[PDB]
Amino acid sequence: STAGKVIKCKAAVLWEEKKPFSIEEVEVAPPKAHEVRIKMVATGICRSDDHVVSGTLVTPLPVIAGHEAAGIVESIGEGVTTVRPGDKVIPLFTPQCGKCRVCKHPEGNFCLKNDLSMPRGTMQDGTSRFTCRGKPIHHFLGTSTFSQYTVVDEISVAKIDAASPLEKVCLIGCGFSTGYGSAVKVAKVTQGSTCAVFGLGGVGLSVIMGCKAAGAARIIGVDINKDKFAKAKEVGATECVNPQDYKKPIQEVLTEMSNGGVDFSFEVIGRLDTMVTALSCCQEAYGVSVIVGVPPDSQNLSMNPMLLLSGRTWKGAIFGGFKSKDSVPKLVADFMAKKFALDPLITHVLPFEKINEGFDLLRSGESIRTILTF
């Protein structure tokens, strides 16, 4: 009774930076060719969504943000072959077109159809499916999950197990997969190694999960909020350090602790200074450091290249290095086989209508992941 028709529903519109989300009626157009309209069931509150509000991450406004989510297909456009109405799905903020040089490469996942490098805030065809107060509203990363209904391109959606608990597996759409894959796929943490994880939010906890699953012997959590330490130890940290407790720079502290530097370090905050600190604390001849956190837009860091000349490796990744459409269904299957846990990441549950309360919980430092239910 809605297929082929405009849907009127509620969404959280961000009209301007540094303001609350506005929950209002929007019109959602029906899917065009190779597009999928999804009834949202659950969406997580990720720090990257907050970066849009704060201006850290620039994308066209007004916008419907949200990118970590799960829902049920309401209708499909012409030509769609990979999902059907009623299928459980996870939208993919990094697409998998399957046809570009990255999608065809054995290791890359930053598909050239992404909307991150040069954000337009549209569908792949350059237009919007959202209207509000007579105005077109932009999409975000081709997902826009802060809405009861969204429309995504087929290359930005993955079908998942029909028995999946959507209020939990939405985290596989961003936070969990990003952190876990950064450890197991990007760094390729080795058995018995020493790791340092800077930032113990949802993504940093998922990095710790991956480091533990890879068999690391020591996992040192680093955060300026000591209230984060208890959960970090629960999921695998052997030790936690607060840089504010020390008179020396923390890279010196970590270097003494690891008897000359860690095997693998991870920046999971989004600060230029901690990216350089994390690189410095890995062992100078063979350490690996992975940037996961997103820094403020268009800001350069300063570093001494002799840190690399001695033998260090420095890399970054989006979405844990996972090719999104291949990997998301396998990760859900793994969760359904109890190969990893997601409950440790979920600290709060709220109805979607309280999205602003959910963001203030994140900003206050109190929450890890708040899951919003539609």
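Under this definition, the rigid core comprises the largest set of C-alpha atoms superposing within 1.5 Å between the forms. Residues carry their position along the shown sequence, with the first being 1.
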Stretch with greater C-alpha deviation in 4 other deposited structures of this protein, 246-254 versus 193-201 (rigid core superposition): 246-254
Superpose on the core, then say which of 138-146 and 294-302 ends up with the larger RMS Cα offset from this form in 4 other deposited structures of this protein. 294-302
Taking the recorded C-alpha temperature factors, which stretch has the higher mean, 78-86 or 190-198? 78-86
If you take the mean CA temperature factor per stretch, which one wins between 148-156 and 131-139? 131-139
Note to self: of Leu309, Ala317, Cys46, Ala333, the C-alpha temperature factor tops out at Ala333
By the CA temperature factor listed in this entry, which of these ranks top: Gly287, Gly293, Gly173, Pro249? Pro249
Using the B-factors in the PDB entry, rank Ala29's C-alpha atom against the chain and give the third, lowest, middle or highest. highest
When the deposited Cα B-factors of this chain's modelled residues are ordered and cut into thirds, is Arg37 in the lowest, the middle or the highest one? lowest
Ranking the modelled residues of this chain by C-alpha B-factor as given in the entry, is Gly215 in the lowest, middle or highest third? highest
Could you say whether, by C-alpha temperature factor, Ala337 belongs to the lowest, middle or highest third of its chain? highest
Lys354 - Cα temperature factor, lowest/middle/highest third of chain: lowest
